[PDB]
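Let me begin by presenting the structure, written as structure tokens, before commenting on it.
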Amino acid sequence: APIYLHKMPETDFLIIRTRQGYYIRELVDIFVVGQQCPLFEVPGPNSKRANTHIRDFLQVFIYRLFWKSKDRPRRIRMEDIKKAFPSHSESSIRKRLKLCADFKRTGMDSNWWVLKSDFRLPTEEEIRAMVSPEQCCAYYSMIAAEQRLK
Amino acid sequence: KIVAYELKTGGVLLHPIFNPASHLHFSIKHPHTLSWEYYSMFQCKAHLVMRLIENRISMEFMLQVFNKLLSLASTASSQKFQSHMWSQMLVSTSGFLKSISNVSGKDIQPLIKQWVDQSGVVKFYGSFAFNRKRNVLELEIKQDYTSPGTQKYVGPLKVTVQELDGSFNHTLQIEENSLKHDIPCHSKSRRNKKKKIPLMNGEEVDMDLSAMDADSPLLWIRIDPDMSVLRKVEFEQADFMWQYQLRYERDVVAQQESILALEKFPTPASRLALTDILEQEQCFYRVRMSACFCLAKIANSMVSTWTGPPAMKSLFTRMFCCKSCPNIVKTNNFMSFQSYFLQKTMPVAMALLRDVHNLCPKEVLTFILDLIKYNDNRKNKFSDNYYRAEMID
Amino acid sequence: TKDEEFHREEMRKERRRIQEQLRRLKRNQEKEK
DNA sequence: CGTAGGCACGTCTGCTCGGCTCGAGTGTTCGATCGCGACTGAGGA
DNA sequence: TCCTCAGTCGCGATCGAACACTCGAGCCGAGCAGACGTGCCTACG
């Protein structure tokens, strides 16, 4: 997108607030961004690319929760995923956990989804190759436009 | 070279830890106990693993790594302190990986763990089947990991399928328990109309689709085309797919592997494919030099079927002899450097022709002797010693 | 939409249905034993 | 008095059915040239 | 007086490019029966 450098107004400063306090910078350079020329295609609603991105995003989140688990048989809880993705029906989450995990009801690891012993958890570069950040931006543009149209 | 050496005896272990390699009859702790063939294969495997690191982390970041090492060394090289700073001129593995992680933000520790610390190459056996109902291509890739030189690959794997709609790349995840990989296939509407089939590069060509199957759109398959692993591939295509891959591919390693795989199919369509490769300038010359020997082997295998003259003789008289005299060779002008190499390699392959009696024919021996007698080199600006030496060969 | 839509009450009804089905299954188990 | 054998939820398992997307395959329409006969001014008998 | 001759118009004629319809492959959500467990409550020693 074509950008155009303008000097800042003489009255405006930039306040960065966090939990601890306010911080102030001056700004001197501000660009105006023209009409964008899109290089990535935003998917449509209920598209095949849309549902593929939703499934791959849920799978990447599940793999990264398994990597974060400290238990020697890696184990996660279902309501962590239900807190992250609350619009998802639990059939889809159980579909993602069906391969790569199993539910232990009794004994040790009870009410946990332990990782299968034959399953090799993917490395960091494979998980990065699953979903790209630009696909997430295209999905966020689609669902925001879905809301505005709705 | 390295897959032959590592399957022959054990394997080359870059970066051992101090024995770490006990499969081989010398100790790898010191350079002066290494075998000389091991030293040669060590340097060979080291530069191929560096090409693999360039494949994971792009070439400009790789040159930035090398420039950072050289710049640390040249700031070190001007100090006078006795090695407070002169040891920045010495590189290590941990320092090299740390400089890579500094310039790129990715670390290569799985690739380093697989191809450096582990000492093995991988063997791939592939076979496909086209499902016409669901329009999919079911690949079947199995590894031989129980041979003495081999190891098991669990990473991703690129495969390139040339169908009628073009060339498509697919990434396959080859875990330990994996055997069947279903990839999707495109249309076959470039057989409905005669349109040109688009290639791996941007161009498109006219293909003779009479040899292709009616139900499958796919013209050829290549497992790991970019040589992104240290591998030996044994793919089972059909002979027309090998002939299409020899003719219309825009990759020299695929043309070479199709020449190497056409020796098992001595059909006359393969003879036509290799002869069309031999006649074709704008093919890479080392592919035509291989097609000479492949055509000689195929010609030896289809005796009592061969129709006309011996192989490559009419082609030699068409390319390198006079128009008015077929058995007199043209006077030597070696200024093209590709028809020079092809001219000096074609009788060497032509002499491997054999008759039904297992004796070289007296039509090819007489042709070679007339190539020797009528040789005139008083007119080119280049010497004749290699061409005459190949005539003796 | 609500005119064409013709629920916590329905969920309670489903729970009652599950209880009845489970009781019937237990009766079937008693008959088998 | 204690003490083991029957009732509610929660979460997962598995199969069935209906709906939606999406691309391959096939038939249909319409401008874009190709060729034929003809129109119509034109320099030599 | 001719006397055919070169450049171009109107119309059939086919051809390539695109567009509408169909049909199945595959995935996703809902729905329902049920099992595999925890807690919560009664006849027998």
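Residue numbers (PDB author numbering), protein chains in the order written: chain A, 750 to 899; chain B, 401 to 418, 426 to 800; chain C, 1200 to 1205, 1216 to 1242. Ideal Cβ positions, reconstructed from N, Cα and C, are used throughout, including at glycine.
For residue 735(B), there is no enclosing beta strand (DSSP E), as DSSP marks it with neither H nor E.
Residue 542(B) does not reach chain A, its nearest Cβ partner there being about 16 Å away, counting only Cβ pairs nearer than 9 Å.
For residue 872(A), the C-beta contacts it makes with chain B under 8 Å involve 517, in order along the chain. Residues are counted here when their Cβ sits less than 9 Å from a Cβ of chain A; for the segment 579 to 604 of chain B these are 580, 582, 583 and 584, given in chain order. Pairing residue 507(B) with residue 566(B) gives a Cβ-Cβ distance that is not under 8 Å. The C-alpha of residue 1227(C) lies about 10 Å from the C-alpha of residue 1233(C). The beta-carbon of residue 561(B) is placed less than 8 Å from the nearest beta-carbon of chain A. Excluding sequence positions up to five before and after residue 713(B), its CB lies within less than 8 Å of the CB of 706, all in the same chain and listed in chain order. Not a single C-beta of chain B is nearer than 8 Å to the C-beta of residue 821(A). Here the C-alpha atom of residue 836(A) lies approximately 23 Å from the C-alpha atom of residue 817(A).
The beta carbons of residue 789(B) and residue 741(B) sit about 4 Å from each other, so the pair counts as a contact at 8 Å.
Sequence-distant Cβ neighbours of residue 779(A) in its own chain, meaning closer than 7 Å and more than five residues away, are 755 and 757. Cβ-Cβ distances below 6 Å link residue 532(B) to 549 and 641 in the same chain, with the five nearest sequence neighbours on each side left out; the list follows chain order. Counting other Cβ atoms within 10 Å of its Cβ, residue 662(B) reaches 16 or more and is therefore classed as buried. When DSSP states are grouped into helix, strand and coil, residue 573(B) belongs to the strand group. Exclusion of the five residues before and after residue 849(A) leaves 864, 865 and 868 as the residues of its chain whose Cβ lies within less than 7 Å of its Cβ. At least one beta carbon of chain B lies nearer than 8 Å to the beta carbon of residue 869(A). If you ignore the 5 residues before and after residue 546(B), its C-beta comes within less than 6 Å of the C-beta of 535 and 588, all in its own chain and listed in chain order. In this structure, residue 792(B) sits away from residue 739(B), with a CB-CB distance that is not shorter than 8 Å. For the pair residue 652(B) and residue 665(B), the CB atoms are nearer than the 8 Å cut-off. Distance from the CA atom of residue 764(B) to the CA atom of residue 733(B), rounded to whole angstroms, is 27 Å.
Residue 414(B) and residue 427(B) do not touch by the CB rule: their CB atoms are close to 11 Å apart, not below 8 Å. CA-CA distance, residue 472(B) to residue 650(B), rounds to 43 Å. When only Cα atoms are considered, residue 876(A) and residue 518(B) end up about 16 Å apart. In this structure, DSSP gives residue 538(B) an extended state, which the three-state scheme calls strand. Per DSSP, the continuous beta strand (DSSP E) segment holding residue 550(B) begins and ends at 543 to 550.
Beta-bridge analysis with DSSP links residue 753(A) to 781(A). Linking residue 495(B) to residue 482(B) through their CA atoms gives a straight-line distance of about 9 Å.
Using a C-beta cut-off of 8 Å, the segment 437 to 450 of chain B makes no contact with the segment 580 to 596 of chain B, since fewer than three inter-stretch Cβ pairs fall below that distance.
Apart from the 5 residues on each side of it in sequence, residue 697(B) sits with its Cβ closer than 7 Å to the Cβ of 663 and 666 in its chain, given in chain order. Around residue 525(B), the same chain offers 558 as residues with beta carbons nearer than 7 Å, after the five sequence neighbours per side are excluded. DSSP, reduced to helix, strand and coil, places residue 863(A) within a strand of the structure shown. Cβ-Cβ distances below 7 Å link residue 595(B) to 571 and 624 in the same chain, with the five nearest sequence neighbours on each side left out; the list follows chain order.
The Cβ neighbour count for residue 787(A), taken over all protein chains shown within 10 Å, is under 16; the residue is labelled exposed.
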